[PDB]
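One chain is shown next in structure tokens, namely the form deposited in one PDB entry.
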């Protein structure tokens, strides 16, 4: 993935993030786990935007993955970085699993 340089929506909620994803073009890139890893769909092309670090990201290659992309381009992301956020995750255990360790 390349990066795009620099109701009411509670886009801190994963459910709602997930809402944004109903006109989402890329059927092989799993919007669910995109929307769980911080991102909401801007609607423009294939470009998503992270609520927590403001990273933007489009041009998804057919073997890319959501977290590693998210990490590559903005690795100091509060959410990825397992800082305190206001994220409200559908399934807290699901989030934990799919976030970079720190073993």
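Numbering follows the first chain given and starts at 1.
Separately, the form deposited with a partner chain bound exists; it is not shown, and the next lines address it.
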Q: Report whether the minimum heavy atom distance between residue 33 and the partner chain in the entry with it bound is within 4.5 Å.
A: no
Q. Would residue 60 show up as a contact with the partner chain in the entry with it bound if we use heavy atoms at 4.5 Å?
A. yes
Q. Do residue 43 and the partner chain share at least one heavy atom pair within 4.5 Å in the entry with it bound?
A. no
Q: May I ask you to state whether residue 67 is within 4.5 Å of the partner chain in the entry with it bound, using heavy atom distances?
A: no
(Q) Please tell me whether the candidate spot formed by 11, 15 and 21 is one where all three residues come within 4.5 Å of the partner chain in the entry with it bound (heavy atoms). (A) no
